[PDB]
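A structural walkthrough
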Amino acid sequence: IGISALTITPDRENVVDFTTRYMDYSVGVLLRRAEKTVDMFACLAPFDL
Amino acid sequence: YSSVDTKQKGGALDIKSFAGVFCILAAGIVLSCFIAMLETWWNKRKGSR
(Lines give C-alpha, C1' and ligand atoms only; values in the text may rest on other atoms or scores of the structure.)
Protein backbone atom coordinates (compact mmCIF):
# COMPACT_ATOMS: atom_id res chain seq x y z
CA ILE A 1 0.00 0.00 0.00
CA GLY A 2 1.03 3.56 -0.72
CA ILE A 3 -0.44 6.38 1.34
CA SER A 4 0.93 9.94 1.40
CA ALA A 5 0.26 13.32 -0.22
CA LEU A 6 0.28 11.48 -3.55
CA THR A 7 -1.53 12.91 -6.58
CA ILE A 8 -3.21 10.81 -9.26
CA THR A 9 -1.39 11.40 -12.55
CA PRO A 10 -1.50 9.23 -15.70
CA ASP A 11 2.27 8.71 -15.82
CA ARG A 12 2.07 7.36 -12.27
CA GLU A 13 -1.04 5.44 -13.37
CA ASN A 14 1.30 3.50 -15.69
CA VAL A 15 3.29 2.26 -12.67
CA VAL A 16 0.64 2.19 -9.92
CA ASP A 17 -3.12 1.72 -9.64
CA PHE A 18 -4.81 4.55 -7.75
CA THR A 19 -8.10 4.34 -5.91
CA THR A 20 -10.73 7.02 -6.40
CA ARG A 21 -9.45 10.37 -5.16
CA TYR A 22 -10.46 11.22 -1.60
CA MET A 23 -9.36 14.89 -1.65
CA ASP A 24 -9.28 17.74 -4.18
CA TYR A 25 -6.00 19.49 -5.02
CA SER A 26 -5.51 23.22 -5.59
CA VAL A 27 -2.72 25.78 -5.88
CA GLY A 28 -2.67 28.33 -3.06
CA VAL A 29 -0.93 31.56 -2.08
CA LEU A 30 0.50 32.49 1.32
CA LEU A 31 1.00 36.19 2.09
CA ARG A 32 1.96 38.29 5.09
CA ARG A 33 -0.65 40.88 6.05
CA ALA A 34 0.07 43.98 4.02
CA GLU A 35 2.09 46.95 5.28
CA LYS A 36 0.65 50.47 5.14
CA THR A 37 3.54 52.70 6.30
CA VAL A 38 4.45 55.63 4.05
CA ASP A 39 7.97 55.51 2.61
CA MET A 40 10.53 57.47 4.65
CA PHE A 41 11.53 59.28 1.42
CA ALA A 42 8.06 59.85 -0.04
CA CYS A 43 8.97 63.49 0.69
CA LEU A 44 11.39 63.26 -2.26
CA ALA A 45 9.43 60.80 -4.42
CA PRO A 46 7.55 63.46 -6.50
CA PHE A 47 10.68 64.06 -8.63
CA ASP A 48 13.31 61.67 -9.92
CA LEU A 49 16.88 62.28 -8.75
CA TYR B 1 -2.83 43.24 -26.72
CA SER B 2 -0.94 46.09 -25.01
CA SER B 3 -3.54 48.80 -24.38
CA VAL B 4 -0.82 51.36 -23.55
CA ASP B 5 2.92 51.01 -22.92
CA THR B 6 2.59 53.05 -19.75
CA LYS B 7 6.27 53.13 -18.64
CA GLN B 8 5.09 55.32 -15.76
CA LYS B 9 4.89 53.16 -12.65
CA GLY B 10 6.26 55.26 -9.79
CA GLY B 11 4.28 58.36 -10.72
CA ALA B 12 7.30 60.67 -10.68
CA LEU B 13 7.77 63.55 -13.07
CA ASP B 14 10.71 63.46 -15.48
CA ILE B 15 12.71 65.75 -17.76
CA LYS B 16 10.78 64.76 -20.90
CA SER B 17 7.45 65.59 -19.25
CA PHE B 18 8.70 68.77 -17.52
CA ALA B 19 11.06 70.39 -20.04
CA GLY B 20 8.22 72.46 -21.50
CA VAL B 21 8.78 74.61 -18.41
CA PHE B 22 12.53 74.80 -19.03
CA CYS B 23 11.71 76.18 -22.48
CA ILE B 24 10.18 79.22 -20.73
CA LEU B 25 13.42 79.92 -18.87
CA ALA B 26 15.51 79.31 -22.00
CA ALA B 27 13.32 81.80 -23.89
CA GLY B 28 13.83 84.27 -21.04
CA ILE B 29 17.61 83.81 -21.19
CA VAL B 30 17.53 84.27 -24.98
CA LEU B 31 15.44 87.43 -24.95
CA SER B 32 17.24 89.07 -22.01
CA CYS B 33 20.65 88.32 -23.55
CA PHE B 34 19.53 89.73 -26.90
CA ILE B 35 18.23 92.87 -25.16
CA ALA B 36 21.62 93.27 -23.46
CA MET B 37 23.43 92.71 -26.78
CA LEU B 38 21.25 95.20 -28.68
CA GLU B 39 21.64 97.84 -25.96
CA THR B 40 25.42 97.31 -25.97
CA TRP B 41 25.48 97.61 -29.78
CA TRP B 42 23.27 100.72 -29.78
CA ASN B 43 25.73 102.25 -27.28
CA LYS B 44 27.85 102.64 -30.45
CA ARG B 45 25.23 105.00 -31.90
CA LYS B 46 23.12 106.66 -29.17
CA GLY B 47 25.71 109.33 -28.46
CA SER B 48 25.01 108.90 -24.74
CA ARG B 49 25.14 105.92 -22.43
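Residues numbered from 1 in each chain as written, not as in the entry; some residues may be left out. Chains lettered and ligands numbered in written order. Part of a larger assembly, values for the part shown. Heavy atoms only, no water.

Per the PDB record, the structure was determined using cryo-EM to 3.68 Å resolution.

1. Structural notes on the overall build of chain B
This is how the line gets drawn: The way it works is that DSSP assigns letters per residue, a run of H or I at least four long becomes a helix, a run of E at least two long becomes a strand, and they are numbered from the N terminus. Here the term buried applies to any residue with accessible area under 20% of the maximum for its type, exposed to any over 50%, and partly exposed to those in between, with areas from a 1.4 Å probe on protein chains only.
Of regular secondary structure, chain B possesses one helix and zero strands. Considering only C-alpha atoms, chain B reaches an extent of 70 × 20 × 10 Å along its principal axes. Buried residues in chain B amount to 0% of all 49 residues.

2. A look at the overall build of chain A
This is how it is decided: Residue burial considers only the protein chains on display, and all accessible areas are found by Shrake-Rupley using a 1.4 Å probe.
Check the secondary structure of chain A and you find one helix and zero strands. Its C-alpha atoms put chain A at 65 × 20 × 15 Å along the principal axes. A total of 49 residues make up chain A; the buried ones form 2% of that total. Carbon and sulfur atoms make up 60% of the accessible area of chain A, which totals about 5800 Å².

3. Focus on unusual backbone geometry
Positioned with a positive phi, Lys 7 of chain B is a non-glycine residue whose angle comes to about 60°. With respect to the secondary-structure elements, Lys 7 of chain B resides in the segment before α1 (15–42).

4. Observations regarding a nonpolar patch on the surface
Quick reminder of the rule: Surface patches are drawn from residues lacking salt bridges whose relative accessible area is over 30%; two like charges belong together within 9 Å, two nonpolar side chains (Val, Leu, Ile, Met, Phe, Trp, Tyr) within 5 Å. Salt bridges are defined by distance alone: a side-chain nitrogen of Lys or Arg within 4 Å of a carboxyl oxygen of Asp or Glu.
A surface patch of nonpolar side chains, about 710 Å² in accessible area, is lined by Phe 47 of chain A together with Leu 13, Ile 15, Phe 18, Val 21, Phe 22 and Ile 24 of chain B. Mapped onto the elements of the fold, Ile 24 of chain B is located in helix α1.

5. Considering the pattern of salt bridges
Where charged atoms of side chains with opposite charge meet at close range, the side chains can pair. All chains considered together, the criterion is met by three salt bridges over all chains. The salt bridge involving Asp 24 of chain A is made with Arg 21 of chain A; its shortest N-O contact spans 2.8 Å. For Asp 24 of chain A, a relative accessible area of 53% corresponds to the exposed category. Note on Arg 21 of chain A: relative accessible area 59%, which makes it exposed. A salt bridge links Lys 46 of chain B to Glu 39 of chain B; the nearest nitrogen and oxygen atoms lie 2.8 Å apart. Exposure remark for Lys 46 of chain B: the relative accessible area of 33% places this residue in the partly exposed category. Relative accessible area serves as the criterion here: at 38%, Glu 39 of chain B is assigned to the partly exposed category.

6. Observations concerning the state of the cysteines
Note the cut-off: A pair of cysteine sulfur atoms is labelled a disulfide when the two atoms are within 2.5 Å.
In this structure the tally under the stated criterion is zero disulfides over all chains. Not part of a disulfide, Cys 23 of chain B finds its nearest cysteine sulfur in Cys 33 of chain B, a span of 16 Å.

7. Overview of the environment of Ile 8 of chain A
All names here are of chain A. In plain terms, the rule: Whether two residues are in contact is decided by their heavy atoms, any of which lying within 4.5 Å being enough.
Here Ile 8 shows up in the segment before α1 (10–13). On a C-alpha basis, the gap between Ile 8 and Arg 21 in space is 7.5 Å, while along the polypeptide they are 13 residues apart. Those residues in contact with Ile 8, other than ones at most four positions away along the chain, are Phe 18, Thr 19 and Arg 21.

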